[PDB]
Amino acid sequence: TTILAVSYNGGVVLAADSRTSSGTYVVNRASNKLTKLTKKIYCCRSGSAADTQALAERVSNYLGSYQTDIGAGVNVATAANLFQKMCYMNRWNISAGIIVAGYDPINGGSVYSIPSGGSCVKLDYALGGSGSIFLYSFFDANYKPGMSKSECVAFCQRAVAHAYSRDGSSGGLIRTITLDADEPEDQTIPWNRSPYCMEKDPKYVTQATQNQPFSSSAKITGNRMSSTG
Amino acid sequence: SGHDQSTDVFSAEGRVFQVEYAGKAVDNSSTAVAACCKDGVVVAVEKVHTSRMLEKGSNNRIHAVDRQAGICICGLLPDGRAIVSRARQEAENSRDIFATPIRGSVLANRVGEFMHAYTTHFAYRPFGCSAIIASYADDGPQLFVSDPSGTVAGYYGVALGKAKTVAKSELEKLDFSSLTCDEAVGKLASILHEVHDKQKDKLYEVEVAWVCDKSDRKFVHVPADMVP
């Protein structure tokens, strides 16, 4: 699983791969780990699909009740704080790396990582899931804050692609969603149009010279690819 | 009488008679001849057949040690095959352990070290064969001769056996800077046909092998069409 959420000026981009895996077999190839809580507050779900779906549905329902009774929009801080309480209360029972991210007119775009402990950290960008570990160095090097909405989406997609190229546990579609003052823009990049994969990267075309014909020289030529030669 | 019974014993003159006597077995053996060219190396050995009814390729005196290298045995063939079997063991340790074709100079020193070991100990006897090591590994075309003593030496050209002296006269007529492997196969075989005793050893053939650019630096018997 690879989930991330970066802030641009107006709002946020959540991005996620689409693979749930029972270890080494892909149970679902097209999961939607970007889970609506309110109109403009989503979470990205890493860990036990059961546990995060259950929390996301519980928190979505509390936020809907809350929004009805205050008769106003919900702040992302509220969604994050509810999600933290639940992820903390049950920290021993559940496996659930969450990123709450969204727009509210008070604080604009906000990102909250709620990792496995039930910490809630407010961040400019958050990484989550098995694939997160690949991106920390990618962000350190290539991420520049104060991106456009369009640049953030392109970057978030390029990020998720870099993670799911190396993480076995991540793969499939890259789902993004931009949350800002405007109507939410979801989009789904299929793997055959991903911004990066190792399979298409020219760096990794020439094969490792592992096989090597039986020769009268220590000169490494290439792989033996024909029994006649 | 006791000075020469075993190879563990120097004589008063400072020499090891059992190793000299093993040497005598090579000098009474069928003539072998070899040539190191730019293109590769060539080994031709006369096989004296005791019987009219042997198969072609019986008592092959020339054996692939590795892709790039081959030993031709002038002397007792069985003893020779123990050296071939060792030269193989060393060639396959080079590829197994050091991931490299064994160099000719190395393979030769290893063959000589082995042959010498058998000259030092009362319990063993010297080998009754001179190995001719032909190789075309990364050190280029190399031709070496380990004798029963273990003494290795590199050669441009070399004759061993009962026509050693006369076969050498004919090898000195060749220019070694100039000649190719394709000429050599001709001239080396021609030399062995010339020096051969027609009345003493009626039944014989000339087994030729090479390892050259032509053969893909692979040590093989040359086809029967080149041999005459």
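Residues numbered from 1 in each chain as written, not as in the entry; some residues may be left out. Chains lettered and ligands numbered in written order. Part of a larger assembly, values for the part shown. Heavy atoms only, no water.

Chain B has the name Proteasome alpha7 chain in the PDB entry, where Leishmania tarentolae is given as its organism. Here the entry title, as the record gives it, is "Leishmania tarentolae proteasome 20S subunit complexed with GSK3494245".

Within the PDB entry, the label attached to chain A reads Proteasome beta1 chain, and the organism entered is Leishmania tarentolae.

Draft legend 1. Molecular detail of the side chain of B:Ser58. All names here are of chain B. Structurally, the position occupied by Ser58 is in the loop between β2 (40-48) and β3 (62-64). On the basis of relative accessibility, which here comes to 18%, the residue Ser58 falls in the buried class. A distance of 2.7 Å separates a polar atom in the side chain of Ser58 from a polar atom in the side chain of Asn59. Not counting residues within four places of it along the chain, the set of residues in contact with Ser58 comprises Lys47 and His49. (Helix = DSSP H or I, 4+ residues; strand = E, 2+ residues; numbered from the N terminus. Buried < 20%, exposed > 50% of the residue type's maximum accessible area, 1.4 Å probe, protein only. Polar contact = N/O pair within 3.5 Å; in protein donor to acceptor, adjacent residues only side chain to side chain. Contact = heavy atoms within 4.5 Å.)

Draft legend 2. Spotlight on the pattern of salt bridges. All names here are of chain A. This structure, assessed with the given rule, holds 19 salt bridges over all chains. The partner of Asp17 in a salt bridge is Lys33, with the nearest N and O atoms 2.6 Å apart. Taken together, the residues span a long stretch of sequence, with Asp17 in the loop between β2 (12-16) and β3 (20-22) and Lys33 in the loop between β4 (25-28) and β5 (34-38) at a distance of 16 residues. Here the two residues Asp17 and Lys33 agree in accessibility, since each one is buried. Residues participating in the shared-partner salt-bridge network are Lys149, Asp180 and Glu185. (Salt bridge = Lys/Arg side-chain N within 4 Å of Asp/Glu carboxyl O.)

Draft legend 3. Local environment of the pairing of strand β1 (residues 3-7) of chain A. Residue and element names in this part refer to chain A. The element β1 is largely enclosed, with a buried count of five among its five residues. Residues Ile3, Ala5 and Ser7 point to one face of β1 and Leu4 and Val6 to the other, with burial holding for every one of them. Sheet topology places β1 next to β2; five bridges connect them, and they run antiparallel. Following the sheet pairing, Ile3 is matched in β2 by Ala16. Linking β1 to β2, which pair antiparallel, is a turn of four residues. (Pairing = 2+ DSSP bridges.)

Draft legend 4. Structural detail: the nonpolar core. Within the largest apolar cluster, 26 residues are counted, with the highest numbers of intra-cluster contacts made by B:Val33, B:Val42, B:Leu171, B:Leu188 and B:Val208. Elements with a minimum of two residues in this core: β1 (32-36), β2, α4 (164-171), α5 (181-195) and β9 (204-212) of chain B. Per element, the largest residue contribution to this core is eight residues, and it comes from α5(B). For B:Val208, the contacting residues outside a window of four places in its chain are B:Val42, B:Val43, B:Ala44, B:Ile62, B:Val185, B:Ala189, B:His221, B:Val222 and B:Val227. Listed in part, the 23 residues of the second largest apolar core include A:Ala15, A:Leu127, A:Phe139 and A:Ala159. (Core = buried A, V, L, I, M, F, W, Y, C linked by side-chain atoms within 4.5 Å.)

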